[PDB]
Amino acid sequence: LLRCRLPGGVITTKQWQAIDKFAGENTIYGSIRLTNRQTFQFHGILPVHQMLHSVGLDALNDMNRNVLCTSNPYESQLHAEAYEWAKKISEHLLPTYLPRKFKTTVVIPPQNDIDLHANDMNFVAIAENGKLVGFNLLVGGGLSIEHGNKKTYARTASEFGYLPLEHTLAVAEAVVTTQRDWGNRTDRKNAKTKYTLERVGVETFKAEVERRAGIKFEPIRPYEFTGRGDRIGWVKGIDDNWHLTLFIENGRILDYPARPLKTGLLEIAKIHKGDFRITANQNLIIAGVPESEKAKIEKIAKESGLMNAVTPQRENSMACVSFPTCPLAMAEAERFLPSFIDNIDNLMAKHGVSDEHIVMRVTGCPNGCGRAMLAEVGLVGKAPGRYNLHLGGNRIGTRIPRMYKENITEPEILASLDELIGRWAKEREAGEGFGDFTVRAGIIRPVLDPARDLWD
């Protein structure tokens, strides 16, 4: 288990070739596993650091995790600056021993692809005239829970306020240090920032950050999210550049019979002008392709099976690694997802909603890596073949789904969804998502204040 520090998921084609070689020659699985934190993992390493270090990469006592950055903003010009800041924050946080791990993101509305509510610290970019001017700071997200332990809970991030760009690092440092000092000293299961905030209060924590940073937060500046999905396919960037986002199921890059995904990406890496961007949805963006190069790149991607069309449902589904490598796994996730979505696709067709999607995620155990606690429909592994079914999150990921059914099997899950998707297909309002529908229609009570109402 080796994971690389790769702020914003930006990796060069040179670095890619180096990791492709290592994966194929020096690991049991021979795969490259894109993670939902915009980096990659090797599984079953049989020297890694010298291979990484040789291409300018480093693997993270350090309680920091990969700093995320919106991968493919609609306003393409904004990426360079936001990425610059994600990289600066990442370096600024590099070694204060944190009570628990600390996760940070840089978000560019209207996209919440990085799933900000799953993180301790989030900087939402505010731009004027195509230039970043500052950030809205949101603090306190975290999804991990422990089965049947009402003292644990998933929590969304709280708005602190707006800060001019110049105060970014001072604020980042102040948040980290306040959490370091105030984090629960005894119990590690209560050490996370989400718990600290609930114990001392948002305003108390906010006031201390201002005191330490030497600033005063301005009121939050308007921002809205429209979705969390990647922009699969070609999108026009700046100049004559184009970005091709490839859907990679479970982010598992391996050569399969008749679908040489790994080799295909290697071939693209060899002729690609710019670099690649690993997304928070475990997909890959071939970024900065000149218009004149589109056809070449597309030919390889197409021939390799990297552009095989899937339904919008599959594009918006996610699972954590789980078995066979995860030692904490309770139920299958990555290995369960493909056939599970085959079933969901059937249900969507049956109800005439094949063109629609439901943000559906499966996490192997309550640690929550698959981010099911921010999905419209989330499955949380409880035992082999059994999961807790949660419903009621929303498309943009700002609401935690309450547990609907507990410790049930796939057939039981499918039957429940068949019923629910049917009602949704027929009773939903114009453009109303599944999660919002289950809440409006009274199928599940919403989670309004996680620390107090997540558990029944």
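Residue indices: 1-based, along the sequence shown.
Extent of unmodelled deposited sequence, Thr96 relative to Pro95: In the deposited sequence, 10 or more residues between these two have no coordinates.
Between neighbours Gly431 and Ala430, residues that the deposited sequence lists but the model omits: Per the record, no deposited residues are absent between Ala430 and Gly431.
Between 82-90 and 319-327 (mean CA B-factor, as deposited), the higher: Looking at the record's C-alpha B-factors, the answer is 82-90.
Mean C-alpha temperature factor, higher of 397-405 and 26-34: It is 26-34.
Selection from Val67, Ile413, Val48, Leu391 [criterion: highest C-alpha temperature factor in the record]: By C-alpha B-factor in the record, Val48 ranks first.
Which of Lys302, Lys382, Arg228, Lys192 ranks first by CA B-factor in the deposited coordinates: Max CA B-factor in the entry, restricted to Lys302, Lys382, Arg228, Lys192: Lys302.
CA B-factor ranking of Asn241, expressed as a third of its chain: Highest third - that is where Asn241 ends up once the chain's C-alpha B-factors are sorted.
Cα B factor band for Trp424 (lowest, middle or highest third within the chain): Highest third - that is where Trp424 ends up once the chain's C-alpha B-factors are sorted.
Modelled-residue ranking by C-alpha temperature factor, third containing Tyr153: Tercile = lowest for this residue's CA B-factor.
Where the record places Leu137 (Cα B-factor, split into thirds across the chain): For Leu137, whose C-alpha B-factor we compare with every modelled residue in the chain, the answer is the lowest third.
Chain thirds of CA B-factor: placement of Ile358: Lowest third of the chain for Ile358's C-alpha B-factor.
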